[PDB]
């Protein structure tokens, strides 16, 4: 949950009035051929303190990556489309050590076409599209990120930020994270993600993060981690998350390590067609083990989950696997009604976890244990609707991905918090 106000300190109109650096004035050519990188860099240099970097409608080729740093009361208005032509590694666009910042499109049509499929068709990965590091008092909204060669959007140690009204659509494989975030006091809402890895995921250290109205439309799903040594994650809320045809509805992953994860609320989730549903995994096999007794998870509430999973017999819809040497404590599982899409039974798995709900123990002696429960009849009230835009098929790995429009519907029965800019 947020600890204070988020977003830029001054409006884009105020910054624009101070000074507008139109990239066409810094050598940019909207010919979908001439490298726009240098122009953005020169425009930033002139407008990074109090001004606004403006990218008018048109098609631009990005051949060399840009690293924009040291801004103060600045903004970038992306009203055109950037196409990746560069082949270097790294981040196509990186904004670092900047305060009072806004990255947006006034038309709700600004986009970055990463052409990640060129790499994926060959079994490889390329640059990430966007990375914000140590950015404070900011907002990123009304933009579209498509087919990143690797990650789409990472917020590395940022704070007092708001991210919303975005569509992120990437390839159908792991390694193509949607939004990865760590820092403090960040509000993410009204975002749709397609890929086969992180939907909106929190990493350590992080405190006071609110994530809601998220539409994981064929994705890896939301998660927390991987968590390792010296973990410190606290006051995290995810609510009103709709997940379709994904790896999971929510996963907390660690494998050894230390530190603590506390005060997490995951409520109002709906899922259909996923591999896993609730998957707390303290022995996540996809990551090499970290020295320590295990990250201590405490006071985690999972409430009001409904829907169906592809196969609840092979993948327990309720899977709570904690460290035997660092038992989960104070977990509250309440009103989780998930049923299986094939078969007539499903399993609930609990390992060394304490609290109240389903297979959890409410004991005093937090010793380890392993238990499996077979449910032979559909939990009452598992029925939940679907979203009209649920993908019938994903975008593969060998053909370009068409640029989507930003939707105005993310979770059943709710409307977006903020109207689209255009």
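Numbering follows the first chain given and starts at 1.
Looking at mean Cα B-factors across 363-371 and 26-34, the upper value is held by 363-371. The mean C-alpha temperature factor is higher for 17-25 when 17-25 and 400-408 are set side by side.
Annotation for 394, 68, 53, 389: 394 ranks highest, by Cα B-factor. Ranked by Cα temperature factor within the chain, residue 163 sits in the lowest third according to the deposited record. Ranked against the other modelled residues of its chain, the C-alpha B-factor of residue 256 as given in the entry falls in the highest third.
Among all modelled residues in this chain, the alpha-carbon of residue 250 has a temperature factor (C-alpha) in the middle third. Compared with the other modelled residues of the chain, the Cα B-factor recorded for residue 7 ranks in the lowest third.
The entry lists a Cα temperature factor for residue 134 that places it in the middle third of the chain's modelled residues.
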